[PDB]
Amino acid sequence: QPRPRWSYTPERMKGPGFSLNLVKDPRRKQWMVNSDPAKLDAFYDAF
RNA sequence: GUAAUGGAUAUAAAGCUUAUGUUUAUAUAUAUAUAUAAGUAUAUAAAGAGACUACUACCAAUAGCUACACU
Ligand SMILES: [Mg+2]
């Protein structure tokens, strides 16, 4: 049984695990993305 | 209001696709022999010359003109 491609990232495409580029504001590094399939279906049944 | 030709704020990454250099021996055996030694040319001439076209010359064919001085 494989995994849905939208759920995970290919393990072999990741690298060191830390970010090599500098950021001016650490607050801009945060953003909440949706991962609930049920919540995604609540939008299609509307639109 | 002013600034950006490598702007700005985020995002991803890792044994080398750098506009840069120097070097380049066969055979045999467990030193001897041979004599420059990585290999390569589906790349590279113009002292002069050929062909085609054009220009400048020379030349006077073709064409036009001249007969009571030709027939
Ligand atoms: Mg004539």
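Check the entry above for the structure.
**Student:** Let's hear about the pattern of salt bridges: which residues, and what values?
**Tutor:** Under the defined criterion, the tally for this structure stands at 1 salt bridge. Among the ionic pairs, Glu11 bridges to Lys14, the shortest N-O distance being 3.4 Å. Among the residues examined, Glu11 registers a relative accessible area of 58% and is labelled exposed. Relative accessible area serves as the criterion here: at 48%, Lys14 is assigned to the partly exposed category.

**Student:** So what's going on with the packing of aromatic side chains? Residues and values would help.
**Tutor:** Describing an aromatic ring pair means giving the distance of the ring centres and the angle of the ring planes. This model, assessed by the stated rule, comprises 2 aromatic pairs. For the pair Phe43 and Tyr44, a centre-to-centre distance of 5.3 Å together with 70° between the ring planes defines the contact as edge-to-face. You can call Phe43 partly exposed: its relative accessible area is 46%. In this structure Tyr44 comes out as exposed when scored by relative accessible area, which is 58%. Taking 6.0 Å as the distance between ring centres and 5° as the angle between the ring planes, the aromatic pair formed by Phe43 and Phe47 counts as stacked. On the accessibility criterion, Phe47 (83% relative accessible area) is exposed. Members of the aromatic cluster, connected to one another through ring pairs, are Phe43, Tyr44 and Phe47.

**Student:** So what's going on with the protein's contact with RNA strand B? Residues and values would help.
**Tutor:** With respect to spatial proximity, the complete set of residues near RNA strand B consists of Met13, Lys14, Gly15, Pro16, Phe18, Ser19, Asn21, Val23, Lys24, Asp25, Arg28 and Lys29. Here RNA strand B approaches the protein such that, of its atoms within 4 Å, sugar and phosphate make up 67%. Backbone polar atom of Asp25 to a phosphate oxygen of RNA strand B: 2.9 Å apart, as the coordinates give it. For RNA strand B, a sugar or linking oxygen lies 2.5 Å from a polar atom in the side chain of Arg28. When grouped by side-chain class, the residues that make up the surface near RNA strand B number 4 nonpolar, 3 polar and 5 charged.

About the thresholds
Residues numbered from 1 in each chain as written, not as in the entry; some residues may be left out. Chains lettered and ligands numbered in written order. Part of a larger assembly, values for the part shown. Heavy atoms only, no water. Salt bridge = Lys/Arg side-chain N within 4 Å of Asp/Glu carboxyl O. Buried < 20%, exposed > 50% of the residue type's maximum accessible area, 1.4 Å probe, protein only. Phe/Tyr/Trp six-rings, centres within 6.5 Å; stacked < 30°, edge-to-face > 60°. Near = heavy atom within 4 Å. Polar contact = N/O pair within 3.5 Å; in protein donor to acceptor, adjacent residues only side chain to side chain. Nonpolar A, V, L, I, M, F, W, Y, C, P; charged D, E, K, R; others polar.

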